[PDB]
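Since the structure comes first, as structure tokens, the remarks are kept for the end.
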Number of protein chains: 2
Amino acid sequence: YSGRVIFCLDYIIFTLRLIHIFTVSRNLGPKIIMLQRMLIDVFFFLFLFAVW
Amino acid sequence: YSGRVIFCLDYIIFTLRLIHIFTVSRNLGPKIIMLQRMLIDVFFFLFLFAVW
Ligand SMILES: CCCCCCCC(=O)OC[C@H](COP(=O)(O)O[C@@H]1[C@H](O)[C@H](O)[C@@H](OP(=O)(O)O)[C@H](OP(=O)(O)O)[C@H]1O)OC(=O)CCCCCCC
Ligand SMILES: CCCCCCCC(=O)OC[C@H](COP(=O)(O)O[C@@H]1[C@H](O)[C@H](O)[C@@H](OP(=O)(O)O)[C@H](OP(=O)(O)O)[C@H]1O)OC(=O)CCCCCCC
């Protein structure tokens with residue numbers, strides 16, 4: 001069961017790597033580039049929301 | 001029943017054609033023009049969301 005869990009983790013991280021590949025296309029590359037920074041800022045905002 | 005399904009599809013596509021007619025009015029023409037591009041970009045964003 002632990003190996004199965006680790007395999008699920010491997011699957012999700014492999015999907016993350018797949019997401020990296022899409023950056024080449026002009027259509028959805030800038031979208032991901034923006035998404036990263038938005039994710040950072042949203043993480044900080046959610047941290048503050050979490051605290052109160 | 002298959003003919004009924006096809007008739008429902010015909011109805012929805014006819015409503016799409018009706019939506020095309022509204023473009024003439026200045027009030028809600030630019031709205032539809034914007035909606036098309038927003039739909040394209042949102043479709044790409046939803047594709048990425050779908051994958052992860
Ligand atoms: C389902 C999971 C994901 C599916 C795959 C989804 C992968 C995916 O979404 O990529 C789309 C990509 C779009 O290509 P893309 O339109 O960005 O290509 C550029 C674009 O056309 C620009 O408009 C061009 O500049 P401009 O107009 O002249 O100014 C530029 O030419 P240049 O200026 O540089 O000379 C072009 O290079 O198409 C592929 O070929 C990738 C091969 C993927 C192979 C797919 C195999 C299935
Ligand atoms: C319920 C399903 C949908 C219902 C129907 C809903 C259809 C619908 O929503 O259209 C609204 C439309 C609005 O007309 P609209 O206000 O855009 O007309 C233009 C507008 O008044 C601009 O302000 C004018 O420019 P400006 O001010 O001078 O700068 C321009 O004059 P010009 O500058 O070009 O000379 C005008 O042409 O009214 C109709 O006549 C369409 C006939 C529809 C007939 C309706 C029959 C029922």
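Identifiers for the structure tokens are assigned positionally: chains receive A, B, ... in sequence, residues are indexed from 1 per chain, and ligands are indexed from 1 in the order shown.
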Exercise. All residues within 12 Å of ligand 1 are required, counting only C-alpha atoms and all ligand atoms; please report them as JSON, numbers by chain.
Key: {"A": [15, 18, 19, 20, 21, 22, 23, 24, 25, 26, 27, 28, 29, 30, 31], "B": [44, 45, 47, 48, 49, 50, 51, 52]}
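Nearest residue to chain A, choosing from B:46, B:6, B:34, B:12 and counting only C-alpha atoms: B:46.
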Quiz item: So what do you get for atom 25 (O, counted along the ligand's line) of ligand 2 versus CA of residue 16 in chain B, distance-wise?
Solution: 25.9 Å
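Separating CA of residue 35 in chain B from CA of residue 43 in chain A is a distance of 29.6 Å.
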